[PDB]
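Right, one structure below, let's go through it.
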Amino acid sequence: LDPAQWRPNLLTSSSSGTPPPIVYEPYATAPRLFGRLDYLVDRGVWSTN
Amino acid sequence: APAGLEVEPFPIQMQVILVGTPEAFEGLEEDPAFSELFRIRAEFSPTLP
């Protein structure tokens with residue numbers, strides 16, 4: 245059981261209330277709206293978690 | 343590349359000086375963002391006195 249596929253991912257912490265989390269995305273491509281999914285390569289084996 | 347580098351963007355201190363024929367800018371001046379970003383228009387008179 246690898247401890248890499250079974251850990252929570254820190255997306256964003258709370259903004260401590262005021263001011264509200266305001267994100268402006270002038271360049272609204274899908275990678276910048278919905279986020280990215282990277283792959284680590286060890287011994288040439290493409291893995292993602 | 344499987345995993346990229348999230349290059350955080352850097353402040354811009356340069357000044358941009360576009361050079362082109364009037365009809366080249368005629369296809370660029372129809373964009374409202376072009377008006378706000380390039381304010382100084384240097385006219386080269388085709389003839390001198």
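Protein sequences, first through last, are from chains A and B. Read in order, the letters of the first sequence are residues 245 to 293 in UniProt numbering. Read in order, the letters of the second sequence are residues 343 to 391 in UniProt numbering. Just so it is clear, CB atoms sit at the ideal spot from N, CA and C, and this is done for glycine as well.
Q. Which residue from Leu370(B), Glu350(B) and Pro391(B) puts its Cα closest to that of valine 361(B)?
A. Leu370(B)
**Q.** Rounded C-alpha distance that separates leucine 255(A) from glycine 279(A)
**A.** 10 Å
(Q) I want to see whether chain B comes within less than 8 Å of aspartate 246(A), judged by CB atoms only; does it? (A) no
Q) Can you find a CB in chain A that lies within less than 8 Å of the CB of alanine 384(B)? A) no
Q. Under 7 Å from any heavy atom of the ligand SAM, does the C-beta of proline 364(B) make it?
A. With respect to small molecules bound, the structure shown includes none, and the ligand SAM cannot be examined in it.
**Q.** C-beta neighbour in chain B for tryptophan 250(A), strict 8 Å
**A.** By this cut-off, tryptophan 250(A) is not an interface position.
Q) the segment 346 to 363 of chain B: which residues have C-beta closer than 9 Å to a C-beta of chain A, in chain order? A) Listed in sequence order: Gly346 and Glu348.
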